[PDB]
Structure formats: C-alpha cells, structure tokens
>>> print(open('data_33.csv').read())   # CSV, C-alpha atoms (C1' of nucleotides) and all ligand atoms
chain,number,residue,atom,x,y,z
A,138,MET,CA,28.4,96.3,-53.4
A,139,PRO,CA,29.9,99.5,-52.0
A,140,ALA,CA,33.5,99.5,-50.7
A,141,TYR,CA,32.8,100.7,-47.1
A,142,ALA,CA,30.9,98.7,-44.6
A,143,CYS,CA,28.9,101.8,-43.5
A,144,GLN,CA,27.4,102.1,-47.0
A,145,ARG,CA,25.6,98.8,-46.9
A,146,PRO,CA,23.2,97.0,-44.5
A,147,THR,CA,24.8,94.1,-42.6
A,148,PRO,CA,22.4,91.9,-40.6
A,149,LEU,CA,23.3,89.9,-37.6
A,150,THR,CA,22.6,86.6,-39.3
A,151,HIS,CA,23.3,86.0,-43.0
A,152,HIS,CA,23.9,83.5,-45.8
A,153,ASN,CA,27.7,83.1,-45.7
A,154,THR,CA,28.5,82.2,-42.1
A,155,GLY,CA,31.1,79.6,-42.7
A,156,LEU,CA,33.0,81.7,-45.2
A,157,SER,CA,33.0,84.8,-43.1
A,158,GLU,CA,34.2,82.8,-40.0
A,159,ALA,CA,37.2,81.4,-41.9
A,160,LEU,CA,38.3,84.9,-43.1
A,161,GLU,CA,37.9,86.2,-39.6
A,162,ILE,CA,40.3,83.5,-38.3
A,163,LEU,CA,42.9,84.9,-40.7
A,164,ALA,CA,42.1,88.4,-39.6
A,165,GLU,CA,42.5,87.5,-35.9
A,166,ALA,CA,45.8,85.7,-36.6
A,167,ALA,CA,47.1,88.8,-38.5
A,168,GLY,CA,46.3,90.9,-35.5
A,169,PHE,CA,48.2,88.5,-33.2
A,170,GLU,CA,51.3,89.2,-35.5
A,171,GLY,CA,50.8,93.0,-35.6
A,172,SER,CA,49.7,92.9,-39.2
A,173,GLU,CA,47.0,95.6,-38.9
A,174,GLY,CA,46.6,96.1,-42.7
A,175,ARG,CA,46.0,92.4,-43.4
A,176,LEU,CA,43.7,92.2,-40.4
A,177,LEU,CA,41.6,95.0,-41.9
A,178,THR,CA,41.4,93.4,-45.4
A,179,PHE,CA,40.4,90.0,-44.0
A,180,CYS,CA,37.8,91.7,-41.7
A,181,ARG,CA,36.4,93.8,-44.6
A,182,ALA,CA,36.2,90.7,-46.9
A,183,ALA,CA,34.4,88.8,-44.3
A,184,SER,CA,32.0,91.7,-43.8
A,185,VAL,CA,31.3,91.9,-47.5
A,186,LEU,CA,30.1,88.3,-47.4
A,187,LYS,CA,27.8,89.1,-44.4
A,188,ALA,CA,26.1,91.8,-46.6
A,189,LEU,CA,25.4,89.5,-49.5
A,190,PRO,CA,21.7,88.5,-50.2
A,191,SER,CA,22.4,84.8,-50.7
A,192,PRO,CA,25.2,82.2,-50.3
A,193,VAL,CA,28.3,82.3,-52.4
A,194,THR,CA,28.3,78.9,-54.3
A,195,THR,CA,30.8,79.6,-57.1
A,196,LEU,CA,34.1,81.5,-57.3
A,197,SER,CA,32.8,83.7,-60.1
A,198,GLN,CA,30.4,85.3,-57.6
A,199,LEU,CA,33.4,87.0,-56.0
A,200,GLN,CA,34.2,88.9,-59.2
A,201,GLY,CA,33.8,92.6,-58.6
A,202,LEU,CA,33.3,92.3,-54.8
A,203,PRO,CA,35.5,94.8,-52.9
A,204,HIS,CA,38.3,93.5,-50.7
A,205,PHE,CA,38.5,90.1,-52.5
A,206,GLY,CA,41.8,89.6,-54.2
A,207,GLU,CA,44.1,86.6,-54.7
A,208,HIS,CA,44.3,85.6,-51.1
A,209,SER,CA,40.7,85.9,-49.8
A,210,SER,CA,39.4,84.4,-53.1
A,211,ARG,CA,41.7,81.4,-52.7
A,212,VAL,CA,40.4,80.9,-49.1
A,213,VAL,CA,36.8,80.9,-50.4
A,214,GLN,CA,37.7,78.7,-53.4
A,215,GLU,CA,39.2,76.0,-51.1
A,216,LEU,CA,36.2,76.1,-48.7
A,217,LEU,CA,33.8,75.8,-51.7
A,218,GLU,CA,35.8,72.9,-53.3
A,219,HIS,CA,36.8,71.0,-50.1
A,220,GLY,CA,34.8,72.3,-47.1
A,221,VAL,CA,38.1,73.3,-45.5
A,222,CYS,CA,40.9,75.8,-46.1
A,223,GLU,CA,44.4,74.4,-45.3
A,224,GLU,CA,45.8,77.7,-44.2
A,225,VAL,CA,42.8,78.4,-41.9
A,226,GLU,CA,43.1,74.9,-40.3
A,227,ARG,CA,46.9,75.3,-39.9
A,228,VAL,CA,46.2,78.6,-38.0
A,229,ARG,CA,43.5,77.0,-35.9
A,230,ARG,CA,45.7,74.2,-34.6
A,231,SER,CA,48.9,76.3,-34.2
A,232,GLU,CA,50.3,76.7,-30.7
A,233,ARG,CA,50.9,80.4,-31.5
A,234,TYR,CA,47.3,81.1,-32.5
A,235,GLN,CA,45.7,79.1,-29.6
A,236,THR,CA,47.9,80.7,-26.9
A,237,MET,CA,47.6,84.2,-28.2
A,238,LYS,CA,43.9,83.8,-28.3
A,239,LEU,CA,43.8,82.4,-24.8
A,240,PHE,CA,46.0,85.2,-23.4
A,241,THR,CA,44.4,88.1,-25.2
A,242,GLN,CA,41.0,87.0,-24.1
A,243,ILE,CA,42.1,87.8,-20.5
A,244,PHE,CA,40.8,91.2,-19.3
A,245,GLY,CA,43.9,93.3,-18.9
A,246,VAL,CA,46.0,91.5,-21.5
A,247,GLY,CA,46.5,92.8,-25.0
A,248,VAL,CA,48.5,91.5,-28.0
A,249,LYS,CA,51.7,93.0,-26.8
A,250,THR,CA,51.6,91.5,-23.3
A,251,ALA,CA,50.4,88.1,-24.7
A,252,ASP,CA,53.2,88.0,-27.2
A,253,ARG,CA,55.8,88.8,-24.6
A,254,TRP,CA,54.5,86.0,-22.4
A,255,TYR,CA,54.4,83.7,-25.4
A,256,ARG,CA,58.1,84.5,-26.2
A,257,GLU,CA,58.9,83.8,-22.5
A,258,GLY,CA,57.6,80.3,-22.9
A,259,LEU,CA,54.2,80.7,-21.1
A,260,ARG,CA,51.3,78.8,-22.6
A,261,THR,CA,48.4,78.3,-20.1
A,262,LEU,CA,46.4,80.2,-17.6
A,263,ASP,CA,48.0,78.2,-14.8
A,264,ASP,CA,51.4,79.3,-16.1
A,265,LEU,CA,50.3,82.8,-15.5
A,266,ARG,CA,48.8,82.1,-12.1
A,267,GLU,CA,52.0,80.5,-10.9
A,268,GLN,CA,54.0,83.8,-11.4
A,269,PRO,CA,51.6,86.4,-10.1
A,270,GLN,CA,54.4,88.9,-9.6
A,271,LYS,CA,54.3,89.6,-13.3
A,272,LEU,CA,50.5,90.5,-13.2
A,273,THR,CA,48.8,93.9,-12.8
A,274,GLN,CA,45.8,94.2,-10.5
A,275,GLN,CA,43.6,94.4,-13.6
A,276,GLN,CA,45.2,91.2,-15.0
A,277,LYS,CA,44.8,89.4,-11.6
A,278,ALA,CA,41.0,90.2,-11.7
A,279,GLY,CA,40.8,89.1,-15.3
A,280,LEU,CA,42.5,85.8,-14.5
A,281,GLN,CA,40.5,85.2,-11.3
A,282,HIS,CA,37.2,85.8,-13.1
A,283,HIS,CA,38.2,84.3,-16.5
A,284,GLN,CA,35.9,81.3,-16.3
A,285,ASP,CA,32.8,83.3,-15.6
A,286,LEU,CA,33.8,86.0,-18.2
A,287,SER,CA,34.1,83.2,-20.8
A,288,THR,CA,30.4,82.3,-20.3
A,289,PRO,CA,28.0,84.0,-22.7
A,290,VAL,CA,26.0,86.9,-21.2
A,291,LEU,CA,22.3,86.4,-22.0
A,292,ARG,CA,19.6,88.9,-22.8
A,293,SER,CA,17.9,87.9,-19.5
A,294,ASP,CA,21.1,88.9,-17.7
A,295,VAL,CA,20.9,92.3,-19.5
A,296,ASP,CA,17.5,93.4,-18.2
A,297,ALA,CA,18.5,92.6,-14.6
A,298,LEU,CA,21.7,94.5,-14.9
A,299,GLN,CA,20.0,97.5,-16.5
A,300,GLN,CA,17.5,97.8,-13.6
A,301,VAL,CA,20.4,97.7,-11.1
A,302,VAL,CA,22.3,100.4,-13.0
A,303,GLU,CA,19.2,102.6,-13.3
A,304,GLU,CA,18.7,102.4,-9.5
A,305,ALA,CA,22.2,103.6,-8.8
A,306,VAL,CA,22.1,106.2,-11.6
A,307,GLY,CA,18.8,107.6,-10.3
A,308,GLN,CA,20.2,108.2,-6.8
A,309,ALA,CA,23.4,109.6,-8.2
A,310,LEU,CA,21.5,112.1,-10.4
A,311,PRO,CA,17.7,112.2,-10.7
A,312,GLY,CA,16.6,112.4,-14.3
A,313,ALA,CA,19.7,110.7,-15.7
A,314,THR,CA,18.9,108.0,-18.2
A,315,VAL,CA,20.5,104.6,-19.1
A,316,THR,CA,20.6,103.3,-22.7
A,317,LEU,CA,21.6,99.8,-23.7
A,318,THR,CA,24.3,100.0,-26.4
A,319,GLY,CA,26.9,97.6,-27.9
A,320,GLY,CA,26.0,94.3,-29.5
A,321,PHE,CA,22.7,93.9,-27.6
A,322,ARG,CA,21.4,97.1,-29.2
A,323,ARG,CA,22.3,95.5,-32.6
A,324,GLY,CA,20.1,92.6,-31.7
A,325,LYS,CA,22.6,90.1,-30.4
A,326,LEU,CA,21.0,87.4,-28.2
A,327,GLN,CA,24.3,86.8,-26.4
A,328,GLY,CA,27.5,88.8,-25.6
A,329,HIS,CA,30.7,88.8,-23.6
A,330,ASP,CA,29.7,92.0,-21.8
A,331,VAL,CA,27.0,94.6,-21.4
A,332,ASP,CA,27.4,98.2,-22.5
A,333,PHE,CA,25.4,101.2,-21.1
A,334,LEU,CA,25.4,104.9,-22.1
A,335,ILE,CA,24.3,107.4,-19.4
A,336,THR,CA,23.3,111.0,-20.0
A,337,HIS,CA,21.0,113.7,-18.5
A,338,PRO,CA,18.6,116.0,-20.4
A,339,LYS,CA,20.1,119.1,-18.9
A,340,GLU,CA,23.5,119.9,-20.5
A,341,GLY,CA,26.2,119.9,-17.9
A,342,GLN,CA,24.4,118.0,-15.2
A,343,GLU,CA,26.2,114.8,-16.2
A,344,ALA,CA,29.6,116.3,-15.1
A,345,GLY,CA,31.1,114.2,-12.3
A,346,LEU,CA,28.4,111.6,-12.6
A,347,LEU,CA,30.3,108.3,-13.1
A,348,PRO,CA,32.2,108.4,-9.8
A,349,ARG,CA,28.9,108.9,-8.0
A,350,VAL,CA,27.4,106.0,-9.9
A,351,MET,CA,30.3,103.7,-9.2
A,352,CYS,CA,30.4,104.5,-5.5
A,353,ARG,CA,26.8,103.6,-5.1
A,354,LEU,CA,27.1,100.3,-7.1
A,355,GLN,CA,30.1,99.4,-4.9
A,356,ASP,CA,28.1,100.1,-1.7
A,357,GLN,CA,25.4,97.7,-2.9
A,358,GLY,CA,28.1,95.0,-3.1
A,359,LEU,CA,27.7,94.6,-6.9
A,360,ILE,CA,31.2,95.6,-8.1
A,361,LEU,CA,33.7,92.8,-8.1
A,362,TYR,CA,36.3,95.0,-9.9
A,363,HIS,CA,36.8,98.5,-11.2
A,364,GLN,CA,39.7,100.9,-11.5
A,384,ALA,CA,37.3,111.9,-12.4
A,385,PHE,CA,36.3,109.7,-15.4
A,386,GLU,CA,33.6,109.1,-18.0
A,387,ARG,CA,34.2,105.4,-18.9
A,388,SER,CA,34.3,102.5,-16.4
A,389,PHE,CA,35.2,99.0,-17.3
A,390,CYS,CA,33.7,96.9,-14.5
A,391,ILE,CA,33.2,93.4,-13.4
A,392,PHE,CA,29.7,93.1,-11.8
A,393,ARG,CA,28.2,90.5,-9.6
A,394,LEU,CA,25.1,89.2,-11.3
A,395,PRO,CA,22.6,87.0,-9.4
A,396,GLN,CA,22.0,83.4,-10.5
A,397,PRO,CA,19.7,80.8,-9.0
A,410,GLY,CA,21.2,80.1,-5.6
A,411,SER,CA,24.5,81.9,-6.5
A,412,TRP,CA,25.9,84.5,-8.9
A,413,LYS,CA,28.3,85.0,-11.7
A,414,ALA,CA,30.9,87.7,-12.7
A,415,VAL,CA,29.9,89.8,-15.8
A,416,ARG,CA,31.8,92.5,-17.6
A,417,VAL,CA,29.9,95.8,-17.8
A,418,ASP,CA,31.0,99.0,-19.5
A,419,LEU,CA,29.5,102.3,-18.3
A,420,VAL,CA,29.9,105.5,-20.3
A,421,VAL,CA,28.7,109.0,-19.6
A,422,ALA,CA,28.1,111.7,-22.3
A,423,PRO,CA,26.6,115.1,-22.2
A,424,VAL,CA,23.3,115.2,-24.0
A,425,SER,CA,24.8,117.4,-26.8
A,426,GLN,CA,27.1,114.5,-27.6
A,427,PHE,CA,24.7,111.7,-27.0
A,428,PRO,CA,24.0,110.9,-30.7
A,429,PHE,CA,27.7,110.6,-31.4
A,430,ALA,CA,28.3,108.5,-28.3
A,431,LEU,CA,25.3,106.2,-29.0
A,432,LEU,CA,26.5,105.7,-32.6
A,433,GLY,CA,30.1,105.0,-31.5
A,434,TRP,CA,29.1,102.6,-28.6
A,435,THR,CA,26.5,100.7,-30.7
A,436,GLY,CA,29.2,99.6,-33.2
A,437,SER,CA,30.0,97.2,-34.6
A,438,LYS,CA,33.7,97.9,-34.1
A,439,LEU,CA,34.4,97.4,-37.8
A,440,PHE,CA,31.4,99.5,-38.7
A,441,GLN,CA,32.7,102.4,-36.7
A,442,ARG,CA,36.2,102.2,-38.1
A,443,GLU,CA,34.7,102.1,-41.6
A,444,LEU,CA,32.4,105.0,-40.8
A,445,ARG,CA,35.2,107.1,-39.4
A,446,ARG,CA,37.4,106.2,-42.4
A,447,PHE,CA,34.6,107.1,-44.8
A,448,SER,CA,33.9,110.4,-43.0
A,449,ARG,CA,37.6,111.6,-43.2
A,450,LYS,CA,38.6,110.1,-46.6
A,451,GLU,CA,35.3,110.7,-48.5
A,452,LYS,CA,33.8,113.7,-46.8
A,453,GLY,CA,36.8,115.4,-45.2
A,454,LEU,CA,35.1,115.4,-41.8
A,455,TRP,CA,36.6,114.0,-38.6
A,456,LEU,CA,34.3,111.7,-36.6
A,457,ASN,CA,34.6,110.4,-33.0
A,458,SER,CA,32.2,109.5,-30.2
A,459,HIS,CA,32.1,113.1,-29.1
A,460,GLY,CA,31.2,114.9,-32.4
A,461,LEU,CA,31.9,115.5,-36.1
A,462,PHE,CA,34.3,118.2,-37.0
A,463,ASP,CA,34.7,120.2,-40.2
A,464,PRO,CA,38.5,121.0,-40.3
A,465,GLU,CA,38.1,123.7,-43.0
A,466,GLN,CA,35.3,125.7,-41.2
A,467,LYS,CA,36.7,124.6,-37.8
A,468,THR,CA,33.1,123.8,-36.7
A,469,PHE,CA,31.3,120.9,-35.0
A,470,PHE,CA,28.1,119.6,-36.4
A,471,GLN,CA,25.2,119.6,-34.0
A,472,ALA,CA,23.3,116.4,-34.0
A,473,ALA,CA,20.0,115.6,-32.3
A,474,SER,CA,19.9,111.9,-33.5
A,475,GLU,CA,21.8,109.2,-35.2
A,476,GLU,CA,19.7,110.0,-38.2
A,477,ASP,CA,21.2,113.5,-38.2
A,478,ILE,CA,24.7,112.0,-38.3
A,479,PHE,CA,24.0,109.7,-41.3
A,480,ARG,CA,22.5,112.6,-43.1
A,481,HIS,CA,25.5,114.9,-42.5
A,482,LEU,CA,27.8,112.2,-43.9
A,483,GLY,CA,25.6,111.7,-47.0
A,484,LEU,CA,24.8,108.0,-46.1
A,485,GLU,CA,21.5,106.2,-46.1
A,486,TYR,CA,20.4,105.6,-42.5
A,487,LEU,CA,21.1,102.1,-41.1
A,488,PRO,CA,19.3,101.0,-37.9
A,489,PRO,CA,21.5,99.3,-35.3
A,490,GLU,CA,20.4,95.8,-36.5
A,491,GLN,CA,22.0,96.6,-39.9
A,492,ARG,CA,25.4,97.7,-38.4
A,493,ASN,CA,26.7,94.2,-37.8
A,494,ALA,CA,29.7,94.6,-40.1
B,1,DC,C1',53.4,103.8,-53.1
B,2,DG,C1',50.6,105.4,-48.6
B,3,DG,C1',46.9,104.3,-46.0
B,4,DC,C1',44.5,101.5,-43.0
B,5,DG,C1',39.6,104.9,-36.3
B,6,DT,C1',39.8,107.3,-32.7
B,7,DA,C1',39.1,107.9,-28.4
B,8,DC,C1',39.6,107.3,-22.7
B,9,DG,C1',41.8,104.8,-18.0
C,1,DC,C1',50.5,99.5,-21.5
C,2,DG,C1',45.3,98.5,-20.9
C,3,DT,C1',40.2,99.4,-22.3
C,4,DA,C1',36.0,100.6,-25.6
C,5,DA,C1',32.7,100.3,-29.9
D,1,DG,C1',45.8,92.3,-48.2
D,2,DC,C1',43.7,95.1,-50.7
D,3,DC,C1',42.3,100.0,-52.6
D,4,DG,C1',42.8,104.2,-54.9
E,1,CL,CL,49.8,94.2,-42.4
E,2,CL,CL,24.6,87.2,-4.3
E,3,CL,CL,35.9,108.4,-29.5
E,4,MG,MG,29.8,94.8,-25.8
E,5,MN,MN,31.7,96.7,-23.6
E,6,NA,NA,42.5,91.1,-23.3
>>> encode(input="data_33.csv", output="structure tokens")
Amino acid sequence: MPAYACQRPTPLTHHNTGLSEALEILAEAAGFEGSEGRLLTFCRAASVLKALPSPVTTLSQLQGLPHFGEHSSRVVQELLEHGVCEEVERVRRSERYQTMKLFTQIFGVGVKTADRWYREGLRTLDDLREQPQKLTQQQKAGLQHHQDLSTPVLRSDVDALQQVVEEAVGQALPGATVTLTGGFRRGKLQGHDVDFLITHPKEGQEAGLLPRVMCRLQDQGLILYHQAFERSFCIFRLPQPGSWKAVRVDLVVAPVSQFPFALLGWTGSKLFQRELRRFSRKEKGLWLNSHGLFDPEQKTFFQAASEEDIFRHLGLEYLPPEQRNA
DNA sequence: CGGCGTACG
DNA sequence: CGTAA
DNA sequence: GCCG
C-alpha cells in the first residue's frame, strides 16, 4: 500500500465503509477546530481503507498500512470489538460538532464564520435568519436556498442541466464545449452540486466567455444566484414535476492548452488532488495546479494533451476518474 | 522537528 | 473572508 | 496525527 492516495486506485464503493466513515467524522471535527494536520491524517487513513481489496476484520491487518498509528488504530479496534467508537460517538452528539456542521454547510459560510457565530451563542438556522444584518448577500442566498441545497442532486438532474448549459454556451461562443466534471465524472450517482468545465478548440477564443454565458443563463430565468472571471459558483433553477428546485452549479472556463490540467483538478476527489499536488512537489520537484505543471529548475511548463500525459510526466500509473475516489 | 494543495471571487 | 476540486 |  503506497503512502500517497494518487499512487493507488480508490473506487467509489469499497469494503470498509463503516470504518472509513468513522475516521472521516474525526477528520471533519479536526477541521472545525482548525487542526489541519490531524484532518489530513484522518482523511488519509480513511482513504487507505477505501483502497483495500477486502474488509478489515482484525487489528493485525492494519500493521504496515500508511497513516495508521496509535489513534486511528484504536478507533478501528473499538469499531471491530464493539461496533462503535466512543470518541466518534461523543463527537457526533456534541453541540459543537452538530452546529459547526450545520453552519459550514451553508453556502457562504466557512469554518471561521461558523466558529464566530458559535462563540456568539448562535445554534440554529433560524438564529441566523433572525439577525440578517450579520449576513452577506451570498450567505442570505445560501440560507434562503438551504433546504433545496441539502437535497441530493441526481444523475437525471445532471443531464437536464448540461443541455441547458450547452445551449447558453453555444450562443455565447459557437464551438465551445461543456464537460461534466467533479464527483459525477468519478461515477457518483448523487451529489451536492454539478461541476462543468468549458473550453474552445481554438486557443484564446475562450477569453471573456464566462460573463457571456452567465448573462444568457440569467436572461433565460435560470439563475437564482450568482456573484471578468473564469469560475462561477451559481444557484440554478432546475425544473421538477409541476415545480422546480434550487441546485448548486459550478462553471469553469479554461483555455484548451490548460484543459487537461483543469479537467484533472476539477475531477478530484479533493483529497486525491491535494495528494497529487503534494506528490508532484515533494517526490518529483514539480509544481502542479489546475493550469499547468511547472519545473522550477528549468523554469518550464509541461505541455499536456491529456490526463494520461500528466500521469506519465509525474511517473504515476494512470487512474481513470472512477479510481480517483480518495 | 517541519510539513501538511493550490488556486480564483 | 468566501468558493472550488 | 502521522511521515520522513
Ligand atoms: Cl493539527
Ligand atoms: Cl419553472
Ligand atoms: Cl488551481
Ligand atoms: Mg461537485
Ligand atoms: Mn462544484
Ligand atoms: Na459553507
């Protein structure tokens, strides 16, 4: 078992679901306290279990696995022996965990804002609605639409949204393409938003595209919320039988020269990409982002025509999107 | 012990 | 500060 | 919290 998530296939469904979910609770709780190192270790330990070929049944099977030390092993031991880990259950029922989770789930609210509200004594969404002076326009939209945004986005919703986005993109710039990214490209059947990556086969023609796309979607009445730019974090109006629902949609534009890097980055998972960028820099001395891959010694950028190119330039076996579910 | 991804709005 | 994978 |  290699130490970095980008070195091993991680399927969407696996054989250690309960164990990984418990470790991810502790990772999430660490993030709510600003403990980014412990968040990473618990996320990585969870991801290792996702990559295993069969269930962990005995504590000895953790021997030699990367990112399992005293603490993560004790969590697993307790789950194996008792079906529950006292620390995990204590986190789950804690007022701090439940409120930070509730607040950070709001679009426009991060850990720092949620924590300040928590310290001020706020605990519920109606507490926030009662004092709208302390809310940004973004947070107001996130709170108004919070119920719909808490409802899973289905693969059926995705096809309908993609046709609508393609219509606007085609008028904004004939020839431009729309690619489904994020968790749905990794094979997820549900999500909390839909991610699209837009480009054009003629380098440079994509400049200034996203404002033109957004204006057209807005004129169709499809935009419930949005803020020169190349990423848009929108709330869309999605038809439903006899009604509609709000759905988060992310639109991103990249020039075709960068498209493989943007596709790789926006396909995720989030942990997979952090691990890939960490691997690139620490193991290969190369600097990776969603625009390119930089050699800081030669001061040169690697040209890539495909995701396969990028895995090759990093010395990694190719993983299709369905095996990037770290 | 230092390090822990790297961008854009 | 928020957002993104 | 764990790795190197
Ligand atoms: Cl930490
Ligand atoms: Cl409607
Ligand atoms: Cl980036
Ligand atoms: Mg997504
Ligand atoms: Mn998204
Ligand atoms: Na949030």
>>> residues_near_ligand(input="data_33.csv", ligand="ligand CL 3 (chain E)", cutoff="12 Å", atoms="all atoms listed in the file", output="PDB file with C-alpha atoms (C1' of nucleotides), in the frame of the given file")
ATOM      1  CA  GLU A 386      33.600 109.100 -18.000  1.00  0.00           C
ATOM      2  CA  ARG A 387      34.200 105.400 -18.900  1.00  0.00           C
ATOM      3  CA  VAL A 420      29.900 105.500 -20.300  1.00  0.00           C
ATOM      4  CA  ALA A 422      28.100 111.700 -22.300  1.00  0.00           C
ATOM      5  CA  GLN A 426      27.100 114.500 -27.600  1.00  0.00           C
ATOM      6  CA  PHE A 427      24.700 111.700 -27.000  1.00  0.00           C
ATOM      7  CA  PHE A 429      27.700 110.600 -31.400  1.00  0.00           C
ATOM      8  CA  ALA A 430      28.300 108.500 -28.300  1.00  0.00           C
ATOM      9  CA  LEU A 431      25.300 106.200 -29.000  1.00  0.00           C
ATOM     10  CA  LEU A 432      26.500 105.700 -32.600  1.00  0.00           C
ATOM     11  CA  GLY A 433      30.100 105.000 -31.500  1.00  0.00           C
ATOM     12  CA  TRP A 434      29.100 102.600 -28.600  1.00  0.00           C
ATOM     13  CA  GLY A 436      29.200  99.600 -33.200  1.00  0.00           C
ATOM     14  CA  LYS A 438      33.700  97.900 -34.100  1.00  0.00           C
ATOM     15  CA  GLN A 441      32.700 102.400 -36.700  1.00  0.00           C
ATOM     16  CA  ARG A 442      36.200 102.200 -38.100  1.00  0.00           C
ATOM     17  CA  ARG A 445      35.200 107.100 -39.400  1.00  0.00           C
ATOM     18  CA  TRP A 455      36.600 114.000 -38.600  1.00  0.00           C
ATOM     19  CA  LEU A 456      34.300 111.700 -36.600  1.00  0.00           C
ATOM     20  CA  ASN A 457      34.600 110.400 -33.000  1.00  0.00           C
ATOM     21  CA  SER A 458      32.200 109.500 -30.200  1.00  0.00           C
ATOM     22  CA  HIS A 459      32.100 113.100 -29.100  1.00  0.00           C
ATOM     23  CA  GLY A 460      31.200 114.900 -32.400  1.00  0.00           C
ATOM     24  CA  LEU A 461      31.900 115.500 -36.100  1.00  0.00           C
TER      25      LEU A 461
ATOM     26  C1'  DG B   5      39.600 104.900 -36.300  1.00  0.00           C
ATOM     27  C1'  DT B   6      39.800 107.300 -32.700  1.00  0.00           C
ATOM     28  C1'  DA B   7      39.100 107.900 -28.400  1.00  0.00           C
ATOM     29  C1'  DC B   8      39.600 107.300 -22.700  1.00  0.00           C
TER      30       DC B   8
ATOM     31  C1'  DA C   4      36.000 100.600 -25.600  1.00  0.00           C
ATOM     32  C1'  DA C   5      32.700 100.300 -29.900  1.00  0.00           C
TER      33       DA C   5
END
>>> atom_distance(input="data_33.csv", atom1="atom CA of residue 204 of chain A", atom2="atom CA of residue 140 of chain A")
7.7 Å
>>> atom_distance(input="data_33.csv", atom1="atom CA of residue 482 of chain A", atom2="atom CA of residue 468 of chain A")
14.6 Å
>>> closest_residue(input="data_33.csv", among="A:288, A:197, A:275, A:336", to="chain C", atoms="all atoms listed in the file")
A:275
>>> atom_distance(input="data_33.csv", atom1="atom CA of residue 452 of chain A", atom2="atom CA of residue 481 of chain A")
9.4 Å
>>> residues_near_ligand(input="data_33.csv", ligand="ligand MG 4 (chain E)", cutoff="10 Å", atoms="all atoms listed in the file", output="list in words")
residues 290, 317, 318, 319, 320, 321, 322, 325, 327, 328, 329, 330, 331, 332, 333, 416, 417, 418, 434, 435, 436, 437 and 438 of chain A; 4 and 5 of chain C
>>> residues_around(input="data_33.csv", residues="residue 238 of chain A", least_positions_apart="2", cutoff="10 Å", atoms="all atoms listed in the file", output="mmCIF file with C-alpha atoms, in the frame of the given file")
data_model
loop_
_atom_site.group_PDB
_atom_site.id
_atom_site.type_symbol
_atom_site.label_atom_id
_atom_site.label_comp_id
_atom_site.auth_asym_id
_atom_site.auth_seq_id
_atom_site.Cartn_x
_atom_site.Cartn_y
_atom_site.Cartn_z
ATOM 1 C CA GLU A 165 42.500 87.500 -35.900
ATOM 2 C CA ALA A 166 45.800 85.700 -36.600
ATOM 3 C CA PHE A 169 48.200 88.500 -33.200
ATOM 4 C CA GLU A 232 50.300 76.700 -30.700
ATOM 5 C CA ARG A 233 50.900 80.400 -31.500
ATOM 6 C CA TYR A 234 47.300 81.100 -32.500
ATOM 7 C CA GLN A 235 45.700 79.100 -29.600
ATOM 8 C CA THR A 236 47.900 80.700 -26.900
ATOM 9 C CA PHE A 240 46.000 85.200 -23.400
ATOM 10 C CA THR A 241 44.400 88.100 -25.200
ATOM 11 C CA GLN A 242 41.000 87.000 -24.100
ATOM 12 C CA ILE A 243 42.100 87.800 -20.500
ATOM 13 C CA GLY A 247 46.500 92.800 -25.000
ATOM 14 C CA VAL A 248 48.500 91.500 -28.000
ATOM 15 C CA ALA A 251 50.400 88.100 -24.700
#
>>> interface_residues(input="data_33.csv", of="chain A", to="chain D", cutoff="8 Å", atoms="all atoms listed in the file", output="list in words")
residues 174, 175, 178, 179, 204, 205, 206 and 208 of chain A
>>> closest_atom_pairs(input="data_33.csv", of="chain A", to="ligand CL 2 (chain E)", cutoff="7 Å", atoms="only C-alpha atoms and all ligand atoms", output="tab-separated table")
residue	atom	partner	partner_atom	distance
A:395	CA	E:CL2	CL	5.5
A:411	CA	E:CL2	CL	5.7
A:412	CA	E:CL2	CL	5.5
>>> closest_residue(input="data_33.csv", among="A:228, A:189, A:315, A:415", to="ligand MN 5 (chain E)", atoms="only C-alpha atoms and all ligand atoms")
A:415
>>> closest_residue(input="data_33.csv", among="A:193, A:246, A:164, A:213", to="residue 2 of chain C", atoms="all atoms listed in the file")
A:246
>>> closest_residue(input="data_33.csv", among="A:309, A:351, A:424, A:176", to="chain B", atoms="only C-alpha atoms (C1' of nucleotides)")
A:176
>>> decode(input="data_33.csv", residues="segment 359-391 of chain A", atoms="N, CA and C atoms", output="JSON list (two decimals), in the first residue's frame")
[["chain", "number", "residue", "atom", "x", "y", "z"],
["A", 359, "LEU", "N", -32.84, 31.25, -15.40],
["A", 359, "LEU", "CA", -32.36, 30.03, -14.77],
["A", 359, "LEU", "C", -31.45, 30.26, -13.58],
["A", 360, "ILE", "N", -31.04, 31.49, -13.33],
["A", 360, "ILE", "CA", -30.05, 31.78, -12.30],
["A", 360, "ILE", "C", -30.77, 32.38, -11.11],
["A", 361, "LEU", "N", -30.78, 31.63, -10.02],
["A", 361, "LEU", "CA", -31.33, 32.15, -8.78],
["A", 361, "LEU", "C", -30.32, 32.99, -8.03],
["A", 362, "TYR", "N", -29.02, 32.71, -8.20],
["A", 362, "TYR", "CA", -27.96, 33.47, -7.54],
["A", 362, "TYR", "C", -26.65, 33.31, -8.31],
["A", 363, "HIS", "N", -25.94, 34.42, -8.50],
["A", 363, "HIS", "CA", -24.52, 34.36, -8.82],
["A", 363, "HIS", "C", -23.89, 35.67, -8.39],
["A", 364, "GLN", "N", -22.56, 35.68, -8.34],
["A", 364, "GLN", "CA", -21.84, 36.92, -7.99],
["A", 364, "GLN", "C", -21.59, 37.78, -9.22],
["A", 384, "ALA", "N", -15.07, 40.42, -15.34],
["A", 384, "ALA", "CA", -14.14, 39.41, -15.84],
["A", 384, "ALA", "C", -13.95, 38.29, -14.83],
["A", 385, "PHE", "N", -14.09, 37.03, -15.26],
["A", 385, "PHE", "CA", -13.95, 35.91, -14.34],
["A", 385, "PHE", "C", -13.95, 34.60, -15.12],
["A", 386, "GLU", "N", -13.45, 33.53, -14.47],
["A", 386, "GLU", "CA", -13.34, 32.22, -15.09],
["A", 386, "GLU", "C", -13.91, 31.08, -14.25],
["A", 387, "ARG", "N", -14.39, 31.37, -13.05],
["A", 387, "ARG", "CA", -15.13, 30.41, -12.23],
["A", 387, "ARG", "C", -16.39, 31.11, -11.74],
["A", 388, "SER", "N", -17.52, 30.41, -11.80],
["A", 388, "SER", "CA", -18.80, 30.93, -11.34],
["A", 388, "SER", "C", -19.43, 29.91, -10.41],
["A", 389, "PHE", "N", -19.82, 30.35, -9.21],
["A", 389, "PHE", "CA", -20.46, 29.47, -8.23],
["A", 389, "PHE", "C", -21.92, 29.90, -8.17],
["A", 390, "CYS", "N", -22.78, 29.17, -8.88],
["A", 390, "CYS", "CA", -24.15, 29.58, -9.15],
["A", 390, "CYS", "C", -25.14, 28.75, -8.34],
["A", 391, "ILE", "N", -26.34, 29.31, -8.16],
["A", 391, "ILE", "CA", -27.52, 28.53, -7.81],
["A", 391, "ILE", "C", -28.48, 28.62, -8.99]]
